[PDB]
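> Build the 3D model from these lines:
(2 chains)
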Amino acid sequence: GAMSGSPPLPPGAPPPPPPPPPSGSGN
Amino acid sequence: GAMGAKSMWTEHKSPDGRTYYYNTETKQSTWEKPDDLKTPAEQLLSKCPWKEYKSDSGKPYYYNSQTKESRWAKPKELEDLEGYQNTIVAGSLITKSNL
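Residues are numbered from 1 along each chain as shown, chains lettered A, B, ... in the order given. Below is the structure:
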């Protein structure tokens, strides 16, 4: 379906949460 | 001879403010910007393994796609990448990294 309106949304998701910053070790 | 053929990727927004690109021939969708739609700036940024995003306070972090490492301070590599408007090549081309 979804032939009217807007076309479908893709599987997966573009990185919603920020990838890990250094918490403290050697930085 | 598709040297002057229109791309089959179009741009649309979701109710979340997100953007999703649709391929009008294969009928397939993606969250990734196809290299044919990438603006010169994006093409420039796209080869840089270090990319700018902000944290929850707005304090920036810079992530590397090859080494998968995260740093708090901007490396000089990215610094020169930003300066791709004055002195395009900062004395060297990005074909020799010493990490």
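
> Now the host helix or strand of residue B:61: buried residues?
Assessed by DSSP states H and E, residue B:61 sits inside strand B:60-64. Buried residues in strand B:60-64, counting neighbours by 16 or more other C-beta atoms under 10 Å in any protein chain shown, are found at B:61, B:62, B:63, B:64. Placement of C-beta: from N, CA and C, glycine included.

> Return the member of those nearest to residue B:12.
The closest of the buried residues of strand B:60-64 to residue B:12 turns out to be residue B:63 (C-beta to C-beta; 26.9 Å).

> which residues sit in contact with residue B:5?
Under the criterion of C-beta atoms under 8 Å, 6 or more residues apart in numbering or on different chains, residue B:5 has no neighbours.

> Show me what the strand holding residue B:61 is packed against.
strand B:50-54, strand B:70-71 (3 or more C-beta pairs under 8 Å, 6 or more residues apart in numbering or on different chains; DSSP states H and E).

> for chain B, what spans make up the strands?
B:9-13, B:19-23, B:29-30, B:50-54, B:60-64, B:70-71 (DSSP state E).

> just to revisit the earlier point, and the strand holding residue B:61, which strands flank it?
For strand B:60-64, the paired strands and their directions (DSSP bridges) read strand B:50-54 (antiparallel), strand B:70-71 (antiparallel).

> Nearest residue to the residue nearest the centre of chain B in space, please, no chain neighbours.
Against the mean C-alpha coordinate of chain B, by C-alpha atoms, centre = their mean, the closest residue is residue B:46 at 3.4 Å. Counting by C-beta to C-beta, 6 or more residues apart in numbering or on different chains, residue B:46 lies nearest to residue B:38, which is 6.1 Å off, once chain neighbours are set aside.

> most neighbours per residue, which of the strands paired with strand B:60-64?
Of all the strands paired with strand B:60-64, strand B:70-71 has the most neighbours on average by mean count of other C-beta atoms under 10 Å in any protein chain shown, namely a mean of 16.

> Can you pull up the residues of chain A that come close to chain B?
Contact residues (C-beta under 8 Å from any C-beta of the partner chain) of chain A with chain B: A:6-10, A:12-14, A:18-22, A:27.
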